[PDB]
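Reading the structure
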Amino acid sequence: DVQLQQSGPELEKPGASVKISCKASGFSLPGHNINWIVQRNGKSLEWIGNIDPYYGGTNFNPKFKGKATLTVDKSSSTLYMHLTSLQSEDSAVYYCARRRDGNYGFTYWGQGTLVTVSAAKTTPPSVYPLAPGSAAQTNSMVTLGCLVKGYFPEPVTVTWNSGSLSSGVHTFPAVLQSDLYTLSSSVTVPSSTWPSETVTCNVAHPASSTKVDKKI
Amino acid sequence: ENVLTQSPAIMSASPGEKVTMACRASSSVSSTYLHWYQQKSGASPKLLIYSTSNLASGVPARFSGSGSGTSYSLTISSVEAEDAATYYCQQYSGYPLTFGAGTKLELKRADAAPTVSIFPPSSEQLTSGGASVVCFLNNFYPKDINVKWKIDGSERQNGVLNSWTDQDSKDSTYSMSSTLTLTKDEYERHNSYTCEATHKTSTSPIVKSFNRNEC
Ligand SMILES: O=C(O)[C@@H]1C[C@]2(C(=O)O)C=C[C@@H](O)[C@@H](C2)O1
């Protein structure tokens, strides 16, 4: 297979250095640049510089110098990035990207490497099940709710029955409600697939070691 | 530097519409390599169009790019609900590589009226603290509403949450949810609570109530 493997998110206080990585895995490494593009919070994209998966090339943006140490180690193939003096607007996501061609604009981008930068304490979610009323409603096909009270930071990932019932998915955003970000997520299940088949909700929150699987 | 601005900031459509936008670039994009990226609601940008005109495998043909040095098209001849996104482009300068601030499309369609439905606020919420009466308004167009509450009567509380969704890729819908947040030391004290929704599809605001039945 091929992939650009990246692992985030890290929440740091203002000052610290998020040691980030990407594993280009699969094509020729010799002739390739993993450009680390950066996407703005509610805004636009822009580019840092790039790093050769073999020798140590760094072509760099005339601004991104100092918060930018892009580096491959020989052995096993991996591309690094290390930003320092993390300040409140680096609070965005990060990418790794790839060449098949001279399409000089990448087909094969990586995952969501996210970074949040703020000095507030971590919170595991408090995932909860909502019941409605034992009733008859609207049109004969039922709506069930799962919500996740305030946690910290975003993200978390809410999921339902993992396969079998990927019903009317709509996951609602969060406000930062004070501190704590808040979620809610929906379904509409056929009134025979539920209650005979329990529908499940599931949540993860990396920076709180969480997994909560909840049954309705 | 070589910087790109591609108005319309936001743009409109209808299934059928021949829609167009422009990667306005500076002087020569030094030999011209133009790439148009569709980012759908918090995701990886995806190449459609790439060595200026070129599209690849994966895309249906709603999509021709083109231009010389300074302007670049993307003919989305016909749109389906999932052309609802942001479309930004990228180039040369003759190194470093700029991108652009992208164009948003919002697919239009004939309106629908909201399905509010209420869920009383959970076993583990109350046993442990407070009550998020959450009410989901699902599958509507045009996204605009006014969702208020009837605390008791139609009491004007504060401390009320909101979340809208993305434009859906199938039905060009939007949906959203509301939460009243309050102490057990108020929820087990006020009796009859309603999410009141107002929208141009009904003459009425729709009012789906509850008063202490279901646990
Ligand atoms: O084609 C690609 O996708 C990428 C981008 C890249 C560049 O310098 O911009 C162009 C050619 C290749 O050397 C590298 C770097 O892979």
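1. Quick look at the pattern of salt bridges
Evaluated as defined, the whole model comprises nine salt bridges over all chains. Across the pair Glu124 of chain B and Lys214 of chain A runs a salt bridge whose closest N-O atoms are separated by 3.5 Å. With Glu124 of chain B in helix α1 (residues 123-127) and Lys214 of chain A in strand β17 (residues 210-215), the pair connects residues from two separate chains. For the salt bridge of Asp83 of chain B with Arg62 of chain B, the shortest nitrogen-to-oxygen distance reads 4.0 Å. Residue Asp83 of chain B is found in the loop between β7 (73-76) and β8 (85-90), and its partner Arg62 of chain B is found in the loop between β5 (46-49) and β6 (63-66); the two are separated by 21 residues along the sequence. Each of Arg62, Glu80 and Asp83 of chain B takes part in salt bridges that share partners, so that together they form one network.

2. A closer look at the interface of chain B and chain A
Across the boundary between the two partners, chain B contributes 42 residues, which contact 43 residues of chain A. Together, the buried faces of chain B and chain A total about 3,400 Å²; carbon and sulfur atoms form 63% of this surface. Taken as a group, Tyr95, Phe99 and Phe119 of chain B account for 16% of the area that chain B buries against chain A, more than any other trio of residues on that side. In this structure, the connection of chain B to chain A is made through one salt bridge. Applying the counting rule to chain B against chain A returns 10 residue pairs in polar contact. The set of elements that each furnish at least two residues to the side of chain B that touches chain A consists of β4 (35-39), β8, β9 (100-101), β11 (115-119), α1, β12 (130-140), β14 (160-164) and β15 (174-183) of chain B. Grouping the amino acids of the side of chain B that touches chain A by side-chain chemistry returns 21 nonpolar, 18 polar and three charged.

3. Considering the domain arrangement of chain B
All names here are of chain B. You can read the domains of chain B as domain 1 (1-109) and domain 2 (110-212). Here the C-alpha centre of domain 2 lies 38 Å away from the C-alpha centre of domain 1. The partner domain 2 presents 14 residues to the nine residues of domain 1 that form the contact. Summing both sides of the interface, domain 1 and domain 2 together bury roughly 940 Å²; the carbon and sulfur share of this comes to 40%. There are zero salt bridges connecting domain 1 and domain 2. The interface formed by domain 1 and domain 2 holds three residue pairs in polar contact in total. The residue inventory of the side of domain 1 that touches domain 2, partitioned by class, reads three nonpolar, one polar and five charged.

Cut-offs used in this document
- Residues numbered from 1 in each chain as written, not as in the entry; some residues may be left out.
- Chains lettered and ligands numbered in written order.
- Heavy atoms only, no water.
- Salt bridge = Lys/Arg side-chain N within 4 Å of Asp/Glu carboxyl O.
- Helix = DSSP H or I, 4+ residues; strand = E, 2+ residues; numbered from the N terminus.
- Contact = heavy atoms within 4.5 Å.
- Buried area = accessible area lost by both parts, 1.4 Å probe.
- Polar contact = N/O pair within 3.5 Å; in protein donor to acceptor, adjacent residues only side chain to side chain.
- Nonpolar A, V, L, I, M, F, W, Y, C, P; charged D, E, K, R; others polar.
- Domains from an automatic or database assignment.

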